[PDB]
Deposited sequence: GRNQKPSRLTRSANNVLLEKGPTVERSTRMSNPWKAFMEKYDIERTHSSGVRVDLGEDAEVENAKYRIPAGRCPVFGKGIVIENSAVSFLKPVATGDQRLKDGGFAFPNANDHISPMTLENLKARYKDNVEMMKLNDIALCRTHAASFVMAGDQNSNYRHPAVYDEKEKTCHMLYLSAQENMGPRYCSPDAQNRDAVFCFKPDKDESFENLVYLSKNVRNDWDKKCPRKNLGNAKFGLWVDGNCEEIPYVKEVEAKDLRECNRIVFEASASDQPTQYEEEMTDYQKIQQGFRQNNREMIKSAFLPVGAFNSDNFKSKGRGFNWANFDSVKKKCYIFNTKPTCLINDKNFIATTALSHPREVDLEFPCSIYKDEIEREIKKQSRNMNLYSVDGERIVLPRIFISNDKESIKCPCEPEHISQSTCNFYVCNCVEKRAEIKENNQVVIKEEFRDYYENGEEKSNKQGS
């Protein structure tokens, strides 16, 4: 009256959707130039990513001015001033959260947006009259600690090279202590990014691949030295998808940080599950450089197993060979306990796996 189902499902499907950067972000991360825009017969390239980039900023070589300060205007020096919109009225930019909620106190549909979404909606909703501006909209940078919204006059992010940085306004995107509270936002960032896009890091976890009923280690990765989580977040960011043709979000966007060995393992294949390891933190190029969420979804397997058994003479157990409830797995042999598991998971290995990982982190079925 009990058998194992033939349908190989992954209970991490909905959880991992926000980490499908190619699908949810769909543009470059390090250098975002996903959309092209023409303005009065003048081609441009502008960011287009749909997810925020936490901790990102622009570093100007041979300069000591934050890229968030306005561009030089009139009788200022070019080297002086930054990338932000000219603050001549202090009404277009910068704009504090209080001023944003006040200017839109009557727009009901906007007073329901979160702080970051409100700043994004404000910045992208600017078009000078009498001009074509066909999808040419400015990006923004929201400072969550200062509660300030900054519009960017310049959409460029990197202009390095032998000409510009040699004996000339050189800049490059990067993450450092000064930017940790900033949120880089293109004109397309989802207003519901809180549920669809990555932010906080996943503690006691590391990205893995769901073969059939268990989350396995990702074979192909690149190991790098990382003294702490911040550097691993900086390393993955510098190797992430870059549009400097369009990347559409493809690139080394994910990384597992071994806090004990102090190593940073990056990879370019989208993850499909998490492995509960007390020594690892799962980070992405879009994630915050320091925020960590230690709560691992322990009941994810038990909840799904019990759900199917409740929907059903015989009981068809799902193809989930891992759970914090040892009985629910119904292993023919003795399940194996994981010492480094915060959830005290048990895995059943004496099972015919219907899937297999080979080549470049690809999961394929052996026989249908």
| item | value |
| --- | --- |
| Sequence order list of spans that the model leaves without C-alpha positions, deposited numbering | 1 to 22, 190 to 196, 274 to 313, 382 to 392, 449 to 465 |
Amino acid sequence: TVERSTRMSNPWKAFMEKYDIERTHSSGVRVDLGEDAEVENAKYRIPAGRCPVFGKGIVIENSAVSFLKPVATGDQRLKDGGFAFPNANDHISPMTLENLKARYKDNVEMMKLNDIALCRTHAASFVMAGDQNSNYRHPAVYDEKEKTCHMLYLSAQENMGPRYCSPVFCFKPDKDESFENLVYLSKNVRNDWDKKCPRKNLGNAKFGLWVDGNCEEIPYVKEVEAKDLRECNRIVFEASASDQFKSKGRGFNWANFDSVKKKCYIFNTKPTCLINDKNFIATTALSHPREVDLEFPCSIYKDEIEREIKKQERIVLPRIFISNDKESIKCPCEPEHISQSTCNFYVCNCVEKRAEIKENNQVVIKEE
From here on, numbers count along this sequence of modelled residues.
item	value
Between 334 to 342 and 25 to 33 (mean CA B-factor, as deposited), the higher	334 to 342
Stretch exceeding the other in mean C-alpha B-factor - 353 to 361, 8 to 16	353 to 361
Top residue by Cα temperature factor, when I58, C51, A48, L317 are compared in the entry	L317
Out of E238, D194, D293, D212, highest CA B-factor residue	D212
For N233, the third of its chain into which the C-alpha B factor falls	lowest
Chain-relative CA temperature factor third for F252	middle
Third of the chain's Cα B-factor distribution that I116 belongs to, per the entry	middle
Among modelled residues of the same chain, the CA temperature factor third for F85	middle
Third of the chain, ranked by Cα B-factor, where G203 sits	lowest
